[PDB]
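The structure appears right after this line, and notes come after that.
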């Protein structure tokens, strides 16, 4: 469940 | 400039553990982003192996999870891949890549790992000697294992008219490839044509002149 | 896992004309945060993949250009509005919405163009190679289109089977032609037994088959 694009960066995506 | 650079190509025996590193420059691995491994087996498409985040969190392809380990070595700004119990099915080009919300914007150059018990063997390099007008000449790079070999001409000075063909596996189980270039007959001439051949797996460099025979 | 199915498998397109590639996903690739992590890459011959589009329709360049991405849910399209020689390679869609991230099988894009007949060259084996008891004879077919080409080796009028191998370059990103290399391998003993070595080439270029040859020993 790690490894997705949504998890890739420190700040949340908008 | 963000740049990613995988370790070098070569052999791993079946049942052993494939081991690769990616060294990152122009950016710290712990600043942000996720640091991916992706492979492409010969003539097939791209498979995601897994990643490690800026914060050390790892994610794995469920199909590969029990054989895969990924880590970071922040002291060298590197991240690594180990893939255990390999077979021929794990022979592939392995890529490292940086992922963000906005894509895999940066990739390493790709490193071919061949899974075989066979021995490393370095190439021999033979000239291909040179309407109206334009002559052709080249080098034959023979009897090497595993891939890849790289070829340049006149130390990268000559790139126009160069064709470096895909290698073929000969009946011996060793590779053979040719590299050619078309040039003006008249230069044939005042001008030295030399092929630069590099085989990293065996640490071999050879330069051969492609001269017109007498 | 999410299967990404690309259609078609390959495309031939005349320079300046548009192309369209479809990517369908076996399940939605809308993520819980609302975003759709659908991306397109191009992998040019012998290179790493390069990102073209992210989040469905955002261009990597950041500016209006020939690549356009559209779609939603399970159905996506890449359009290339005016294909150029340089665009040739394999295109992949990719989803990073659900673990594991998965790519499509790829769509190979080639440039449709007019016939070009090959230039043919033959190369005898080097004296250096001969020292070692094997002889390679090489025939080069240069800069031709389409890819389909037939190369026959003849040694003293005998067609050779099962002792040659050939390789073809990828479509050149400039002129959109192919090149082809063929190697005949003999023992030195067999090479020295014979006289006339020829490669005979047939191609849509050529209302007559082109033969290049040499006689072992003339200099």
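State whether the residues of the stretch C:185-201 include one that is surrounded by fewer than 17 Cβ atoms within 10 Å (Cβ to Cβ), in contact with a helix residue (DSSP H, G or I) (Cβ under 6 Å, 6 or more places away or on another chain) and either assigned by CATH to the domain that holds residue C:43 or not in a loop (DSSP other than H, G, I, E, B) (or both).
Yes: the stretch C:185-201 contains one or more residues that are surrounded by fewer than 17 Cβ atoms within 10 Å (Cβ to Cβ), in contact with a helix residue (DSSP H, G or I) (Cβ under 6 Å, 6 or more places away or on another chain) and either assigned by CATH to the domain that holds residue C:43 or not in a loop (DSSP other than H, G, I, E, B) (or both).
Suppose we filter the stretch C:33-70 for residues that are assigned to a loop (DSSP other than H, G, I, E, B) and either facing chain B (nearest Cβ under 8 Å) or closer than 25 Å to residue C:177 by Cα (or both); how many remain?
11
What number of residues within the stretch B:126-142 satisfy the criterion of being over 13 Å from residue B:184 (Cα atoms) and within 9 Å of chain C (Cβ to nearest Cβ)?
7
Please specify each residue of the stretch C:71-90 satisfying the condition of being assigned to a strand (DSSP E or B) and either under 25 Å from the mean Cα position of the chain (by Cα) or not assigned by CATH to the domain that holds residue C:8 (or both). Steps first, answer last, please.
Going through the stretch C:71-90, the residues assigned to a strand (DSSP E or B) turn out to be C:71-72, C:75-80, C:89-90.
If the condition is that a residue be assigned to a strand (DSSP E or B) and either under 25 Å from the mean Cα position of the chain (by Cα) or not assigned by CATH to the domain that holds residue C:8 (or both), then C:77, C:78, C:79, C:80, C:89, C:90 are the ones that fit.
For the stretch B:3-51, name all the residues that are farther than 30 Å from residue B:166 by Cβ and under 23 Å from the mean Cα position of the chain (by Cα).
B:24, B:25, B:26, B:35, B:51
Could you grab me the full set of residues in the stretch C:113-142 that are facing chain B (nearest Cβ under 8 Å) and closer than 26 Å to residue C:14 by Cα?
C:119, C:142
Restricting to the stretch B:98-123, and then to whatever is out of contact with any strand residue (DSSP E or B) (no Cβ under 7 Å at 6 or more places or on another chain) and within 11 Å of chain C (Cβ to nearest Cβ), can you tell me which residue is nearest to residue B:149 (Cα to Cα)?
B:100
Any residue at all in the stretch C:112-133 that is farther than 25 Å from residue C:201 by Cα, in a loop (DSSP other than H, G, I, E, B) and outside the structural domain of residue C:191 (by CATH)?
Checked the stretch C:112-133: no residue is farther than 25 Å from residue C:201 by Cα, in a loop (DSSP other than H, G, I, E, B) and outside the structural domain of residue C:191 (by CATH).
Taking residue C:151 as the residue in question, decide whether it is at the interface with another protein chain (Cβ under 10 Å from one of its Cβ atoms), part of a strand (DSSP E or B) and surrounded by 17 or more Cβ atoms within 10 Å (Cβ to Cβ).
Taking the combined requirement at face value, the residue does not satisfy it.
When the stretch B:55-77 is examined, which residues are found to be under 19 Å from residue B:2 (Cβ atoms) and crowded, with 19+ Cβ neighbours inside 10 Å?
B:72
Here is a list of conditions, (1) in contact with a helix residue (DSSP H, G or I) (Cβ under 8 Å, 6 or more places away or on another chain); (2) surrounded by 20 or more Cβ atoms within 10 Å (Cβ to Cβ), and residue C:32 meets all of them except one; can you say which number that is?
(2)
If I go through the stretch B:152-182 residue by residue, how many of them are surrounded by 18 or more Cβ atoms within 10 Å (Cβ to Cβ), within 12 Å of chain C (Cβ to nearest Cβ) and farther than 21 Å from residue B:11 by Cβ?
8
What is the one condition in (1) under 21 Å from residue C:45 (Cβ atoms); (2) more than 14 Å from chain A (Cβ to nearest Cβ); (3) assigned to a strand (DSSP E or B) that residue C:94 does not satisfy?
In the conditions (1) under 21 Å from residue C:45 (Cβ atoms); (2) more than 14 Å from chain A (Cβ to nearest Cβ); (3) assigned to a strand (DSSP E or B), residue C:94 misses (2) alone.
Out of all the residues in the stretch C:1-21, which are surrounded by fewer than 18 Cβ atoms within 10 Å (Cβ to Cβ) and over 27 Å from residue C:145 (Cβ atoms)?
C:1, C:2, C:3, C:5
Quick check on the stretch C:127-140. Is at least one of its residues over 22 Å from residue B:210 (Cβ atoms) and surrounded by fewer than 19 Cβ atoms within 10 Å (Cβ to Cβ)?
Checked the stretch C:127-140: at least one residue is over 22 Å from residue B:210 (Cβ atoms) and surrounded by fewer than 19 Cβ atoms within 10 Å (Cβ to Cβ).
Got at least one residue in the stretch B:38-48 being part of a strand (DSSP E or B), away from chain A (no Cβ under 14 Å) and either on the phi < 0 side of the Ramachandran plot or surrounded by fewer than 13 Cβ atoms within 10 Å (Cβ to Cβ) (or both)?
yes
What is reported rests on the model, the rules as stated and the sources as named; no laboratory read-out is quoted. Using ideal geometry, Cβ is built from the backbone for each residue, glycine included, and neighbour counts are taken over all protein chains shown.
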